[PDB]
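1. Sequence first, structure after, both from an experimental entry:
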Amino acid sequence: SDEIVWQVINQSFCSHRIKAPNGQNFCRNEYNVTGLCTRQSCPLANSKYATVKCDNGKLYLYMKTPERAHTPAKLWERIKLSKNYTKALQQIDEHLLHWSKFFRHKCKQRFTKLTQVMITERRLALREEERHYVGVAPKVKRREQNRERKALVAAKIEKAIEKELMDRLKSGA
Amino acid sequence: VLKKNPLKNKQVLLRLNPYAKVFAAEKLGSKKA
Amino acid sequence: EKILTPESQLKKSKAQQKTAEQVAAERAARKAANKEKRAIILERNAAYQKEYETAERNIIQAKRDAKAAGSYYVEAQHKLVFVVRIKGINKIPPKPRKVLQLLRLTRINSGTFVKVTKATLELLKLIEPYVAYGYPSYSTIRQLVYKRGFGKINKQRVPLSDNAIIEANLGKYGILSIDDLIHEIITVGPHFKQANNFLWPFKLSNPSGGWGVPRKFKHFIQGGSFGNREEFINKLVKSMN
Amino acid sequence: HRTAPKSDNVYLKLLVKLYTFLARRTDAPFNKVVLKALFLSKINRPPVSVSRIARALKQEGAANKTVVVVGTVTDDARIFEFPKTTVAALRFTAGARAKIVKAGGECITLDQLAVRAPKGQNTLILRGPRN
RNA sequence: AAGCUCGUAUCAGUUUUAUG
RNA sequence: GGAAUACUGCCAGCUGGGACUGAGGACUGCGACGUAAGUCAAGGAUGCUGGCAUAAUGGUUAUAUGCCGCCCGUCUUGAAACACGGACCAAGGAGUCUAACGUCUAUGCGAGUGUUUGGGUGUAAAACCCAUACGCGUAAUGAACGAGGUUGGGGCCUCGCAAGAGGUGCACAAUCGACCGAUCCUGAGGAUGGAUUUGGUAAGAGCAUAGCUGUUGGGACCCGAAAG
RNA sequence: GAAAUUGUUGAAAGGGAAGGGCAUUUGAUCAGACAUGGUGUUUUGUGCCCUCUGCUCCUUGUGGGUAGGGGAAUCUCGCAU
């Protein structure tokens, strides 16, 4: 039963539970809509669930029902949302007919967040960066410091400058 | 959530003692013998 | 084919509609009752104001007639006194402390209305050094009930801010408004005890202008603070309040 | 001052929430009594023998009244003329269950009794001897 | 600390009254 | 002859100067203005303006200075005092284990309970099952005289809008009492008949496991006491 | 390569010693966007967009995946300027 599973996952070491310093428990399950391990939010403890996911740029409406609880292979019935904010929201509302207000509202919120996350193309389209984050290991740092000091010591910059000056102004102007 | 002290802020004062409006309009406080 | 609403959802909707109809009917009845009670409270307040004016005019006229006739006037005995704690909650002997606790004077600058009786007079005399009391006037009682008027509801100090609050608890004895409570307190009646018990003990601050004496711990008849100050108690309370 | 039970059983916790919900949303004293009894320890919840239930059934109108035992029902070999009645308890022993079923009666759980009697309709509560 | 009977008329480091 | 002023107390009278707080978070309520629409200082602040990315601002050290602060731990005596340790620092250091007897707590069974002394079995000190025995309890000092009648009793049902009235009642308490066996006598060898009461049954509650925890003996919270 | 401890350098303070707390000024010093868009419009080119023909998965649903031929003068359904 869901209640037994809900109790077994609240306590008794649910696999995906993150103990944040604030005390909030964060769920890392991909199918979760809020990412938090709470009631009516964890897909495992809820026979009926709805979430929005996307492999490619297309956004899908993943939903779960008790019918496929016996068949974990094809539990979710994803449907394409025909990417467009207004019509996608209308389609989500139509699909989630008579569903809980919580599920509908949070699915719409997840879809909106994912759609606005697609703006990442803006950063990729207008980046023209000349820095490209570079990491330097401490071992490389040591070889770039002690060797530099040795080169400076062996260079004899003052002596070289004096020799060059004594040569330039000894055979011409 | 917050206590509205009467004797000031006539708005709350009128909520209690509905005779306050009559008292003020009639100037009963300065009644003459 | 068309998707039909869940049967449980249909039952929930039917129950919600049926409950909402009753809620609207109750709201209309409550509005009508509130209007009627507001009218009743208005007429009661007018009657109480007229009664107070007539009483004061009669007292003054009786005093003047007694003066003119050459016969001494028999002033009515006082029946209501307000007692305010002066000393602290430490170093108090057990006997006065028990009386103060019985009077709900558990902290400094705290007071309550006490009925005047032969028995209560002895209690006040017992705790005379640690308390100051007098004869409150109508204005002081009204100001106290209006500003620091807190009622005791199911062991909770619910502030008094609406006639409905008083009516719910004190409506059994006919007290359905703050004005009714003030009238009962000032004019001791059959249900004075219940009204006094319902009111939470008053929490008063230090006087705005100060106690006015270099040493509080002395009899009021000798420049002190405690004792029995007949009329100066009103001024003391007003400064404290 | 008893507020919650010390038992870690999940089913007992579910029964406790159900009884608390019924008590808070029905104001029926019958639900409150069972809710309070649920928090009692094992020692405070002595078993109620089937013979004790049969003796208690001797009162008038026992057929129309169901019997509810907070603790566990234990079989008794000293009684054989067990009447036909519905018994609800947290646990039923094999012997007691067989005796109740054999005599034509029915044994149910606390939730079954609650659904059958949300406000304790014709419900009799029996407490076993303390010592 | 747990249990039962419970909210009262169970009482007072108080006062009067009564019996003396 | 006449008013005015001083003092006391009231104003649900009017109106300026200053300081802190902005708590709640879509409406449900008490209220006011308004014929109405609508508005409001009515169960907690809103609108506008000025400073800002080589920012605005914020954080650490000492000194600059308004005030306060006896040297830490243990132990004497009602207190302070006095007594014993402390030159500084890194590591170690102390209610830990076991046998028996118990309370509370949870589980499994329940008038039954305890697989593991051993055998079978085994992916091998791992995991699973128990033929007979054995520990505990299940019946007092015939329990049906009859597995008991009254008064209360958490609860249940009827009447009642409620107040309350009526019917039935677990555990548990008083009472009426009876009984198993026997006192205290008697006196057909010990029957019969009198006088008190006796500790409890009337319709079981225990077993094993696990956690905090109490007592006793074991080095027994750690070191240290003349020694045969 | 930790503390006690010792030496050099820099800074600060000091008349018969000091340390700590509430509280502010000062030097020195540290942190201080790899933030940068959003809205509806106005052109152009594309696509998962329009049109014709198709292939394939479950089970069958308010579905999923994937090709071939044509276009913008219907086109803001998204993307690009």
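-> Nice, I can see it. Numbering: from 1, shown residues only, chains lettered A, B, ... in the order given.
2. what about the helices in chain C?
-> C:7-69, C:94-102, C:118-126, C:138-147, C:163-170, C:178-186, C:192-198, C:232-240 (DSSP state H).
3. Buried residues of stretch D:78-90, list them for me.
-> For stretch D:78-90, the neighbour count (16 or more other C-beta atoms under 10 Å in any protein chain shown) marks D:82, D:85-90 as buried. Quick note: C-beta positions are derived from backbone N, CA and C, even for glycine.
4. Tell me which of the helices of chain C sits most buried.
-> Of all the helices of chain C, helix C:178-186 carries the top mean neighbour count, a mean of 23, counting by mean count of other C-beta atoms under 10 Å in any protein chain shown.
5. hmm, back to that, out of the buried residues of stretch D:78-90, which is nearest to residue C:107?
-> residue D:90 (51.0 Å; C-beta to C-beta).
6. Any chance of CSV for the helices of chain C, columns distance to chain B?
-> Compiled in CSV, the helices of chain C are given as follows (distance: least, C-beta to the nearest C-beta, whole Å):
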stretch, distance to chain B
helix C:7-69, 4
helix C:94-102, 27
helix C:118-126, 29
helix C:138-147, 4
helix C:163-170, 6
helix C:178-186, 5
helix C:192-198, 17
helix C:232-240, 12
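7. would you turn the ones you listed into TSV with distance to RNA strand G?
-> Output for the helices of chain C, formatted as TSV (distance: least, C-beta to the nearest atom of the strand, whole Å):
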stretch	distance to RNA strand G
helix C:7-69	14
helix C:94-102	37
helix C:118-126	45
helix C:138-147	34
helix C:163-170	43
helix C:178-186	45
helix C:192-198	44
helix C:232-240	31
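8. one step back: restricted to strands, list the buried residues of stretch D:78-90.
-> Within those, residues falling in strands by DSSP state E are D:86-90.
9. and chain A, which of the helices of chain C is closest to it?
-> Closest to chain A of those is helix C:7-69 (C-beta to the nearest C-beta; 6.3 Å).
10. Roughly how far does residue C:223 sit from chain B?
-> 32 Å (C-beta to the nearest C-beta, to the nearest Å).
11. and that residue, backbone torsions?
-> Reported as degrees, to the nearest 10, the phi and psi values for residue C:223 are phi 70, psi 20.
12. Identify the residues contacting it.
-> C:213-215 (C-beta atoms under 8 Å, 6 or more residues apart in numbering or on different chains).
13. ok, which of those residues also contact RNA strand E?
-> With C-beta under 7 Å from any atom of the strand as the criterion, the contacts of residue C:223 include none near RNA strand E.
14. Any chance of the residues you listed in TSV with neighbour count and distance to residue C:81 as columns?
-> Converted to TSV, these look like this (neighbours: other C-beta atoms under 10 Å in any protein chain shown; distance: C-beta to C-beta, whole Å):
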residue	neighbour count	distance to residue C:81
C:213	13	21
C:214	8	26
C:215	10	24
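15. Out of these, which comes closest to chain D?
-> Out of the contacts of residue C:223, the member with the shortest distance to chain D (by C-beta to the nearest C-beta) is residue C:215, at 49.3 Å.
16. Contact partners for that closest one?
-> C:223-225.
17. rewinding a little: closest to RNA strand F out of the contacts of residue C:223?
-> Set against RNA strand F, the nearest of those by C-beta to the nearest atom of the strand is residue C:213 (15.5 Å).
18. And that closest one, its phi and psi?
-> phi -130, psi 140.
19. So it versus residue C:226, what's the distance?
-> In this view, residue C:213 and residue C:226 are 10 Å apart by C-beta to C-beta, to the nearest Å.
20. same for the helix or strand encompassing residue D:52, what does it pack against?
-> Secondary structure assignment for residue D:52, by DSSP states H and E: helix D:50-56. Where contact means 3 or more C-beta pairs under 8 Å, 6 or more residues apart in numbering or on different chains; DSSP states H and E, helix D:50-56 is packed against strand D:66-74, helix D:94-102, strand D:123-126.
21. Can you list the neighbours in contact with that helix?
-> D:62, D:67, D:69, D:73-76, D:78-79, D:81-83, D:85, D:87, D:96, D:99-100, D:124, D:126, D:128.
22. Show me the one of the helices and strands packed on helix D:50-56 that comes nearest chain A.
-> Once those are compared by C-beta to the nearest C-beta, strand D:66-74 is nearest, at 22.0 Å.
23. who's in contact with residue A:107?
-> Taking C-beta under 8 Å, 6+ apart as the test, what residue A:107 contacts is A:33, A:50-52, A:61, A:92, A:96.
24. meant to ask about residue D:92, not that
-> D:72-73, D:100, D:107.
25. Just among the residues you listed, which is most surrounded?
-> Neighbour counts for the contacts of residue D:92, by other C-beta atoms under 10 Å in any protein chain shown, peak at residue D:73, which reaches 28 neighbours.
26. Kindly list the longest helix within chain B.
-> Longest helix in chain B, counting by DSSP H: helix B:19-26.
27. Residue of chain A closest to RNA strand E, please.
-> residue A:11 (23.8 Å).
28. tally of neighbours for that residue?
-> 10.
29. Helix, strand, or coil at residue A:165?
-> Following DSSP: H, G, I helix; E, B strand; the rest coil, residue A:165 is assigned to helix.
30. what separates it from residue A:154, distance-wise?
-> Applying C-beta to C-beta to residue A:165 and residue A:154 gives a distance of 20 Å.
31. more neighbours, the two?
-> residue A:165 (10 against 7).
32. Which residue is the nearest non-sequential neighbour of residue D:72?
-> residue D:91 (4.2 Å; C-beta to C-beta, 6 or more residues apart in numbering or on different chains).
33. Quick check, that neighbour in contact with residue D:74.
-> No - under the criterion of C-beta atoms under 8 Å, residue D:91 is not in contact with residue D:74, lying 9.7 Å apart.
34. who's more crowded, these two?
-> residue D:74 (20 against 13).
35. Now do the same contact list for that one.
-> D:47-50, D:93, D:95-96.
36. if you set the cut-off to 6 Å instead, what comes out?
-> Counting by C-beta atoms under 6 Å, 6 or more residues apart in numbering or on different chains, residue D:74 touches D:47, D:49, D:93, D:96.
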